[PDB]
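Included below are structure tokens for two forms of one protein chain, each presented in isolation as structure 1 and structure 2.
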Structure 1
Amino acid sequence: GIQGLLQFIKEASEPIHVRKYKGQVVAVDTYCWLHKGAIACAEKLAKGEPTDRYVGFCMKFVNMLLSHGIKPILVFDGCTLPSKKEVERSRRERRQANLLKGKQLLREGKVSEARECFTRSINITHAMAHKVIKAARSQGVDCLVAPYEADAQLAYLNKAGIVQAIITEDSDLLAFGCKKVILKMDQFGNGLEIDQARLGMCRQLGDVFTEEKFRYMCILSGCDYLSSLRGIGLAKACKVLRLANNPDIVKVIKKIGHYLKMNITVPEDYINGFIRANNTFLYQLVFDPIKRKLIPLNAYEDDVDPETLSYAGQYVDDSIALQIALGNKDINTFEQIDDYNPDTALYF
């Protein structure tokens, strides 16, 4: 999550409606709808009580898309990424803390604060997502569980031309190189659209509107893969990259103390972290829904050795990747929880 990215490129956004993509294909970061839908029933998901309201919550959105002739491809998060294991551990810890806090508040009498702790201990399991998948398949809507992060999968779907837009709330999709991103979409169909090509409209970006430089900026600002340097945001990173008259990024990062004229100590492990973060944004494993195989988000360059890309996702057999993609195989238990077969009547 690139904090303050949306407001930073505000001049490259515009209010639209979904009808602009009428008759076209659009992929969806479904976990946002899952969270917002789970908020309405936080306490019941906290007590372990049976609840399927979030299903209907996502379904009114899906149906709203179907009403305007849109073809939605619901994309779901899959396995945990090693480049995000720290943030995941932290989030898990906070969810646990809030859960225990709320449960303690139930043993007193405070009902509001307990609900406030329960609405911040929301854990979107893969079973709920599977419920949403079943509900979507009952309506004939394509679904796809990403090998890891849904971000990279959406990015691939958008870059491959399989979809023409990405409905999400996360700003990372821009850093992954998505062409068209639809943000802040209500249940009525109104939202903001940020096109990559329009990134040149932002005067405060300068010449930093190319995919590579924009990615470097987003990384230097501070992402989930790598915490930024102390005192470095979007503006200073963009400033460095604008003053960066050098194709090699490493030397620039080593010269960040010069480009900003500040006292910045940069550890080697932070440089390695930047390389790993960049390679995470570039070559994270996604799933080709047509050829049915595990591929990186972008084709490997000649200046990169895929042997040292374990943090960007581990390769598995294409059959397993397909079973996970369909959602038939649970992410954790790695066991078959469903028996859906797309052949026996997205996947051409």
Structure 2
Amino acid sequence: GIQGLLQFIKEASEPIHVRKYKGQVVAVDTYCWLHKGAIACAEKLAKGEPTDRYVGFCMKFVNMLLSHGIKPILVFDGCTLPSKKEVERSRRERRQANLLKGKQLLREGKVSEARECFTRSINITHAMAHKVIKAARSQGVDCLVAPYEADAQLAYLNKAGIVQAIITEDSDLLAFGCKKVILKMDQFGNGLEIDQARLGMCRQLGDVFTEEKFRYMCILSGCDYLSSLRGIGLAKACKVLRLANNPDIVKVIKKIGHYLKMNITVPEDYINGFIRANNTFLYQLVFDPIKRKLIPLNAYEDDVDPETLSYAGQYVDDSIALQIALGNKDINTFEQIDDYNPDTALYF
């Protein structure tokens, strides 16, 4: 996502412990636990050999949060946004390559390299995530499969007061407008918290501590929805945002070469791609657990047409979205793989 974002605003970071959120609700970007837990049993998944260590891993963290008296809500990624299809396919091809080479080209002789390639060809499937969901629900923990990206869903849960903090390793959460994000948490509950209001503690940031300006900085720096101009990182983006007074971001991006004293010819596609990136950060589709329907991250403004925001995810029926959120309906085939019912046991 946003490279070097954590180091850039480390002044706003506060080392905490999970006790600080006792008797409160916290949402967890489960994919990080799933991935770090799958790294341990990489060769097992590479060979196609049955294993469930990652389940015990995720449940270890969950049991920690529970032991400190916190109500955790596990969140998973759902469908992939159209602005990421070819990227996910690229990573798919990379995993296929690392698996093929790591297997056939390293089946005899070299072993360490074969494992080093197998750990790269590791793919987190929704079946594994479903195992985690079954275990978590067996331990009475609520789960939610996002309609699309997990970071938007989490940001919604946080901005709606449903949760008070978000445990993740992704730095993009801040660009979605989260209030409290707990990064780099270990087994015991030791992690780095970053509050939105505390963004002002960064002198280097200047007057770019407001949600909108901070978002513009994150996008200009280089995000998953849009690569940055060559030579533009966090410092340069922050600088050009600090210097410019004009509220209209388009003219600013057009004069990015003027404000930074460096020869930059802004591509025709970059402005539209910027608007699309910002619109994706603002209006990506999430699932409202209370109303049990599919809503945008933020309510649409007066200058935006919903029919042109297909890249921020497309709507489906609320019953289908509900079945997806419960992990009952498969992401790809849309087939019913489970029959969990929250009525006959959140979502109330």
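Think of the rigid core as the biggest set of C-alphas that the two forms share within 1.5 Å after superposition. All residue numbers here refer to structure 1's sequence, counted from 1.
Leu105 is the only residue from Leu105, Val141, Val252, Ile162 whose Cα shifts by 2 Å or more between structure 1 and structure 2, the rigid core being superposed.
In the rigid-core superposition between structure 1 and structure 2, residue position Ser83 carries a C-alpha shift of 1.9 Å. Relative to the superposed rigid core, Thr280 shifts its CA by 0.4 Å between structure 1 and structure 2. With both forms fitted on their core, the C-alpha atom of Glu93 sits 2.1 Å from where it sits in the other form; this compares the forms between structure 1 and structure 2.
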